[PDB]
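here are the coordinates; sequence isn't available:
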Ligand SMILES: CS(=O)(=O)NCc1c(C(=O)O)n(Cc2cccc3ccccc23)c2ccc(F)cc12
Ligand SMILES: [Zn+2]
């Protein structure tokens, strides 16, 4: 998160930190969010061989009594996910078991106004480290025209997020995190410019509600 603030600890109790063993070799990290006791929503590009989800966290180097760490048993990557265009960058994760609902661990409920918020443990600048602590930032939902420079941008599938006159943005490390507008999840962090210039591109959750509901009904 660029230009944001450290979240109040445990104030976003749906947030999930994902550790992904790369089908090749080492680990990578993404965000995600708990939508049911045993389901997490994240980006398709975060997929890998095996996934661990950490719930209840604030500082990821600091185990607390709030933590619940759960193995993913099934990855449901969107079938039309396209590595080239990055369309349908969405993925459901089934947890080996149900999370205990606590103050620090909770599910996120399912058109938006302009001001939204996003959280994550990603980089705090172009060449900065990832954040040990959960950061958050308020961002403006932009007209699709503001993202016309992204060749594969499709208003039906995606949100255009972040006023270009400011540095405030999701960035690398924030993939899979939810965009909330008025307490409702509208978006999922997907991609943007490598120079961190807003806006960035988020998956439009509403378009995928049939598919989500389908997987939840069958699992
Ligand atoms: C660890 S991972 O599983 O996420 N893989 C690396 C990766 C990232 C990342 O580091 O998060 N992002 C997001 C991202 C990238 C570059 C610029 C961005 C500007 C804004 C927001 C997000 C941005 C990807 C998008 C498409 C993709 F195929 C791979 C990646
Ligand atoms: Zn704490």
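Nice, thanks for sending it over. Residues are numbered from 1 along each chain as shown. Ligands and ions are numbered 1, 2, ... in the order given.

residue contacts, the closest residue to ligand 1 within the chain?
Residue nearest to ligand 1 within the chain: residue 192 (2.7 Å; CB to the nearest ligand atom). Backbone N, C-alpha and C define where each C-beta goes, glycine included. The contact partners of residue 192, taken as CB atoms under 8 Å, 6 or more residues apart in numbering, are 162, 169-171, 198-201.

Is it possible to get CSV of the residues you listed that adds secondary structure and distance to residue 53?
As requested, the contacts of residue 192 are exported to CSV (DSSP: H, G, I helix; E, B strand; the rest coil; distance: CB to CB, whole Å):
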residue, secondary structure, distance to residue 53
162, coil, 27
169, strand, 25
170, coil, 19
171, coil, 21
198, coil, 28
199, coil, 28
200, strand, 23
201, strand, 24
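
Strands of this structure, residue ranges please.
5-6, 15-21, 27-36, 39-42, 50-55, 68-77, 91-95, 115-120, 135-142, 158-161, 178-181, 184-191, 200-204 (DSSP state E).

is it possible to export these to CSV including distance to residue 219?
Formatted as CSV, the strands of the chain follow (distance: least, CB to CB, whole Å):
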stretch, distance to residue 219
strand 5-6, 35
strand 15-21, 17
strand 27-36, 10
strand 39-42, 8
strand 50-55, 16
strand 68-77, 7
strand 91-95, 6
strand 115-120, 26
strand 135-142, 30
strand 158-161, 26
strand 178-181, 20
strand 184-191, 19
strand 200-204, 20
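
In JSON lines, list the ones you listed along with mean neighbour count.
Below are the strands of the chain laid out as JSON lines (neighbours: other CB atoms under 10 Å):
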{"stretch": "strand 5-6", "mean neighbour count": "12"}
{"stretch": "strand 15-21", "mean neighbour count": "22"}
{"stretch": "strand 27-36", "mean neighbour count": "22"}
{"stretch": "strand 39-42", "mean neighbour count": "27"}
{"stretch": "strand 50-55", "mean neighbour count": "20"}
{"stretch": "strand 68-77", "mean neighbour count": "17"}
{"stretch": "strand 91-95", "mean neighbour count": "23"}
{"stretch": "strand 115-120", "mean neighbour count": "23"}
{"stretch": "strand 135-142", "mean neighbour count": "21"}
{"stretch": "strand 158-161", "mean neighbour count": "26"}
{"stretch": "strand 178-181", "mean neighbour count": "24"}
{"stretch": "strand 184-191", "mean neighbour count": "24"}
{"stretch": "strand 200-204", "mean neighbour count": "26"}
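
There's contact between residue 5 and residue 136 in this structure, I believe.
Yes - Residue 5 lies in contact with residue 136 (CB atoms under 8 Å); the separation is 6.3 Å.

joint contacts of these two?
Counting by CB under 8 Å, 6+ apart, nothing touches both residue 5 and residue 136.

that older thread, can I get the strands of the chain in CSV including distance to ligand 2?
Below are the strands of the chain laid out as CSV (distance: least, CB to the ion, whole Å):
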stretch, distance to ligand 2
strand 5-6, 12
strand 15-21, 12
strand 27-36, 17
strand 39-42, 20
strand 50-55, 12
strand 68-77, 13
strand 91-95, 21
strand 115-120, 15
strand 135-142, 15
strand 158-161, 28
strand 178-181, 20
strand 184-191, 23
strand 200-204, 28
